[PDB]
Amino acid sequence: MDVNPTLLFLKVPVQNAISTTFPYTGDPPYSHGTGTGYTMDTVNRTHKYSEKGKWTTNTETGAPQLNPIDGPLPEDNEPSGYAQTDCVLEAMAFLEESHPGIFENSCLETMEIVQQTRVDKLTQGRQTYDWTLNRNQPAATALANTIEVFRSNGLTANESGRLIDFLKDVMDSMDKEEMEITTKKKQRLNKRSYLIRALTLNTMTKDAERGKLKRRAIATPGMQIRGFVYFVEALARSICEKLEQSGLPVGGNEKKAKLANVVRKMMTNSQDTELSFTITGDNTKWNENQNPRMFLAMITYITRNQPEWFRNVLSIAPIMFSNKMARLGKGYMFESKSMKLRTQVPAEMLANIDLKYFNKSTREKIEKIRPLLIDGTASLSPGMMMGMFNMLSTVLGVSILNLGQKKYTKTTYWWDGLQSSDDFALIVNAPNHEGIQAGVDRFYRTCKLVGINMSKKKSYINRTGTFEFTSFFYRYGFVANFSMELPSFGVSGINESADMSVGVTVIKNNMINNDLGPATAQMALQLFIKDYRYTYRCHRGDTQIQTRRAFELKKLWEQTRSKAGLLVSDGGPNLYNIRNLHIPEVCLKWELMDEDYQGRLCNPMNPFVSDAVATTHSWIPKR
Amino acid sequence: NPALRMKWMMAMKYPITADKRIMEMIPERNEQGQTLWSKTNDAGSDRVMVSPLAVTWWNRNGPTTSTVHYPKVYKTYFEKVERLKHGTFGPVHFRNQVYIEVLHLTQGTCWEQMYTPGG
Amino acid sequence: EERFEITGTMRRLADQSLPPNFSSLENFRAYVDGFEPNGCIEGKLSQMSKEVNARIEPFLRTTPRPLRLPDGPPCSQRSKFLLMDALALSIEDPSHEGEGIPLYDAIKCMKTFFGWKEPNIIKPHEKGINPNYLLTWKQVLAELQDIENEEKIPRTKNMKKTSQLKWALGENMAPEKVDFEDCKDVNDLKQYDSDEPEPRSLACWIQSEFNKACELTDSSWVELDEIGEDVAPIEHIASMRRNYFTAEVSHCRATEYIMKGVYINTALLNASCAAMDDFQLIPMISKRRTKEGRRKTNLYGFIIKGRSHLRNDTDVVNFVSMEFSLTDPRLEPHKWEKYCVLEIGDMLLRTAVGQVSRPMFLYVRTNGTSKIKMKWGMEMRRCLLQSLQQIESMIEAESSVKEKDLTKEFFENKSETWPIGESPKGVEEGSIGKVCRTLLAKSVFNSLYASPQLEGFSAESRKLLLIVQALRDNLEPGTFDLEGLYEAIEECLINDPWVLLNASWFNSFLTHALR
RNA sequence: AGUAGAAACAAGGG
RNA sequence: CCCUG
Ligand SMILES: [Mg+2]
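Chains as they are written, first to last, in this note's numbering: chain A, 285 to 907; chain B, 21 to 139; chain C, 36 to 550.
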């Protein structure tokens, strides 16, 4: 006999045992070296799909730019970026018609949030790009540096503490003739240098990613674009909240409801002689085909009949994104085997350097990208490198989905489905197979007219009843969720009392959201208990394990009358269970402690002190 | 990673930091001779280094004070345990899919548990 | 009230962010304001060519074909420690110490063997200097004996920086770091070699490894804590499931692998982070409980760890590992490409045939590891967790169809056997316990042999699995482009033996499913 | 030598 | 010899 878990599918359907196809117990892949190669490859590919556009020279920054909008229609099945303005505007108009009043309400809510917001929101975020030090810094430090540098020159319009005032200061600084920065040392940058710095993205390789063989490059913006992007995302979220087909920004409790709702809507109304089919598929090169000019057109159409200031503040972001620059990155590394040397070549020298060092592929990339470099960075006008517009693209996809109603199709077949950024699922109803094919072709062609490309390698069609959507596996009404990786239930490492509550809350939250089963929850609780006991050395009182604290724990255990009231930190028993994962420990056993023991435990004059309950165990460890 | 950092920190002799009056309440040596605190002072402050054996000694040997107030201030937490203790459970029903607080135990992926709180 | 005016520079920037044949931002806004839709999409679709379409290719029982595997020399073992060939020297420690010094345990375990002899090399390492390994082994023995002649017994033994340890731990192999200005005029200056892995073909040893990983032992390798009393019926069912699984899976070998790896990685990480500039010695120790409930401590071998000046999460630390065993290396030599094997002793075993004098070999190998690999290997226990979920999920699914729990119908029924293996006479069916052991073994091996190729293969084969399942469900499947999927699946089978084994499993399942 | 895989580690500065 | 992981 030769064991073979795959053969297990011969009895139980695949969707019932899909968890066996996720290898999420090893270390995820990482990247060693620089992300310059990936960045150059991404830039070249982004410029490849729009080769038949209009080339121009920028008057302010001086770098070449490419504009494929309204270009020649596509001919073959290769990815395309020529999005037609008329088609996009028509799709937006029809989406507005189908849901009257959506844009007005979204604009009102966005205006309210713009009025109310505050600068402090910029502090919460990932590692941003700091242009004062030309590096990557946490949001708070970068914001502090930028505000200090702004105040060095005369700029005091953001003292009111409103984000819009900060944006006004940024815009005014853009028009300043010279910018001075402190390093003690000082430096001056003219208009062009500061402008190029303000329109720069920092690129690096993405680490710890599953489901892919080869690495990828992702980008992060500066500080002058964050606020406008935040406003645009607020507007997009407000619009998406009112859409039934949008898969964002919901959690994991109603997504199954959404799937069942769509299936029942597209099945129940069907007669007894109507064919229904389901397509599950992805979108290819989603981020490298969305032109910021189309986003500007969409934002202009959305905000019709509005105050001028609102239109300007909302439409600034596409303008900046359409004139962005990409930093090549760390550079390359050279090795001399004959003389045993190693050296580093910074990216700044890639523009002017002999190509005898590099191999074929790197030399070709350098040659292709050379005409674009300016001041050590590459112009990237077309495409969205990192896709911070995660919700406007969803709105566009949902508009295309809506475009397939029975009214607009004007034919026997019809369709509808679900969309979430890159992923989508479709259901097509028609009386024959010819109708099914016609509907599929119409959807594909209409999608191509806007710049949305469907992946033919990761997509398949079958009879409706079973499908998949963002790792939610639907089969005859039963939906399984596998879109989240199981964490390690260990000790956080703060205190004896913080760790208990933190771990119990982690288990409870995983049980609630990510659909953790009961038995797995009990086993996780047992493993965490073992780890906690072996970390803090607070073993049981009757256990015969020898440790530094053994004597004190045994004496305390012997003193007490009711052994069930002792905390797990004092060698007590374990009382937690599934029904108790919400009660804090001290309040869980309060009616089971001794008078003197519970008097000493919560002593307010103890020297150690000065969801959780203050006790003798809340101490501060040494640095 | 803080987890391994504390794993290593707990292996030392005196990983905890306390004030200076601790020396007046708990003794320097156990009933078996184990040390509980050291004369060395913390860097940047007047604190002193203390070992978890001091925490256990205080818990099992230290002044006692009435804790009548604790249930009053933490009334919300105690109400939850009272309601859980006095509640009544029911049969499990496997079917297709004051109450919200226990939501993690009543509902499930494909099962339902009958629950009425005892308050 | 609100005043946000676009200035000159911003106006000049925005005048160039519009579609073509538009002059200024005001003109674009005016055009968008007065836009009314009429026959735009229909026209553009009319002008399009007919080559832009999505034809559906039918899927039938004769359509799919087996995957293609690479060719080359057979794959070789690439784990941090031996799995099937391991042997341990065992003693008893009735004084339950929570965490004692492992060096003394190692010495006490060593002192129970009275069959040492003069080592020699029988299976050499082709690309390395063999005598250095032998010198390293003799040096470790000499240091262990030197431990006796000391005023005070130490807790850790730092090996002397000898020539053989300098070579084995790759000392002074990094080139010198200079700037680009000085060494620009050199004939052999280029960038590093960015090539692809060299392909290898599947071998038969990994199947045997997996088979032996799914077997039972005569000891207990896991001990878990307690939980509260079960009052709700849901808790009763949960406890029943958990207890049945734990009973069926606690005597498996995969648990031994989990504990062994956890201990080794924990020791390595602590040693690397504590003693940065010393050549530390770290033994391999594990704890078990016999069938009678009597504790035992096993020793597997030794490792020596070199300089550990690690900065990032991918910096490498080298070490040298020596392990005991009884597997004759001259039976599957291609499995031991990177090992140097010495015959160090003569053991004697006792069985039905009486007493047999077997030889005792030592496997010596130079390896390396990063900080992230060690961090992710200290938490192999989660494998257990994962396995449980899998089993439980099945029942949950099987319950929803019939609206009734089937835990007892799954575990205690002593029937309803699952097809889990393959045999020449046909498919083989096993009980639930075999299924639990199989899933635990699969999870453990997924943790042991992690690599990006495995992730790619799994992600790209899931879709083919689902398509085949839909075909078996007579739902009339159809693919827009099937060959691209096969290319994406096959692009990830290069080097890993685990991925090649998974591909072979997929081929066998595909053959059996469409029959 | 070894880890590893499209670019790096196999210690760096004074 | 010092500092840094
Ligand atoms: Mg999908």
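The beta carbon of each residue, even a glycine, is placed where N, CA and C say it ideally should be.
Candidates the options: closest to residue i by CA position
i	options	result
C:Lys162	C:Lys152, C:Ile524, C:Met382 and C:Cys375	C:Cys375
A:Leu612	A:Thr407, A:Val679 and A:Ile502	A:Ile502
C:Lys85	A:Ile523, A:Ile813 and A:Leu357	A:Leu357
C:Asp531	C:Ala238, C:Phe354 and C:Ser450	C:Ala238
A:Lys742	C:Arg393, C:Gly519, C:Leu345 and C:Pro154	C:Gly519
C:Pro105	C:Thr44, C:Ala505, C:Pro234 and C:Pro166	C:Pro234
A:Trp903	B:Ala74, B:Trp131 and B:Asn61	B:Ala74
C:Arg323	C:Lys437, C:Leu316, C:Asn333 and C:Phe314	C:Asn333
A:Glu335	A:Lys906, A:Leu485 and A:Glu362	A:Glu362
A:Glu464	A:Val372, A:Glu538, A:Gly438 and A:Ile650	A:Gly438
C:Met83	A:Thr627, A:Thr730 and A:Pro422	A:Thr730
A:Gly506	A:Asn429, A:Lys470, A:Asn537 and A:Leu473	A:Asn429
A:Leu859	A:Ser894, A:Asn794 and A:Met784	A:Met784
C:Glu153	C:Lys326, C:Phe396, C:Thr362 and C:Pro364	C:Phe396
residue 552 of chain C	C:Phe148, C:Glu457 and C:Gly403	No information on residue 552 of chain C is available, as it lies outside the stretch 36 to 550 that chain C covers here.
Start-to-end residues for the beta strand (DSSP E) that takes in residue i
i	result
C:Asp381	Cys375 to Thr386
C:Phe354	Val352 to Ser360
A:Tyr758	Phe756 to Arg759
Element boundaries [alpha helix (DSSP H), containing residue i]
i	result
C:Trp411	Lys406 to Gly412
A:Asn737	From DSSP, A:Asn737 is part of no alpha helix (DSSP H); its letter is neither H nor E.
C:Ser343	Unbroken run through C:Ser343: none, as it is neither H nor E.
A:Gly787	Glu780 to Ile796
A:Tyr308	Run containing A:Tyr308: none; DSSP gives neither H nor E here.
C:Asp181	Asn165 to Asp181
residue 952 of chain A	Since the first and last residues shown for chain A are 285 and 907, residue 952 of chain A lies out of range.
A:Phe762	Per DSSP, A:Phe762 belongs to no alpha helix (DSSP H); it is in the beta strand (DSSP E), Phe762 to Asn765.
C:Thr44	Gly43 to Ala49
A:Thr394	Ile386 to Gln400
A:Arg499	No alpha helix (DSSP H) contains A:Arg499, which DSSP labels as neither H nor E.
C:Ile426	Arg417 to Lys437
Within-9 angstroms CB hit, residue i to chain B
i	result
A:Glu538	no
A:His823	no
C:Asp440	yes
A:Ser776	yes
C:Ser274	no
Chain C within 9 angstroms of residue i, Cβ atoms only
i	result
B:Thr136	no
A:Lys469	no
B:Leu125	yes
A:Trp841	no
A:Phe762	yes
B:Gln133	yes
Within-9 angstroms CB hit, residue i to chain A
i	result
C:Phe116	no
C:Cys218	yes
C:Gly403	no
C:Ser58	no
(request) Scan the stretch 852 to 863 of chain A for residues whose Cβ lies nearer than 7 angstroms to a Cβ of chain C and list them as they occur along the chain. (result) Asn858, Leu859, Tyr860, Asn861, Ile862 and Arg863
(message) Output needed in chain order: residues of the stretch 94 to 111 of chain B with a Cβ under 8 angstroms from some Cβ in chain A.
(response) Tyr94, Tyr97, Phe98, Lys100, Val101 and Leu104
(message) Give me the subset of the stretch 359 to 378 of chain A whose CB atoms are less than 8 angstroms from a CB atom of chain C, sorted by chain position.
(response) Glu359, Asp360, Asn361, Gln368, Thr369, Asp370, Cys371, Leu373, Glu374, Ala375, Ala377 and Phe378
(message) Residues of the stretch 498 to 517 of chain C in Cβ contact with chain A at a cutoff of 9 angstroms, in chain order, please.
(response) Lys498, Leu500, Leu501, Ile502, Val503, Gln504, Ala505, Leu506, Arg507, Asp508, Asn509, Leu510, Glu511, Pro512, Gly513, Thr514, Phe515, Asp516 and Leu517
(request) Could you name the residues of the stretch 279 to 313 of chain C whose beta carbon sits closer than 9 angstroms to any beta carbon of chain A, in the order they occur along the chain? (result) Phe280 and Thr281
(message) So if I threshold CB-CB distances at 9 angstroms, which residues from the stretch 579 to 593 of chain A count as touching chain C?
(response) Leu580, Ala581, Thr584, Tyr585, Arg588, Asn589, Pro591, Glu592 and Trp593
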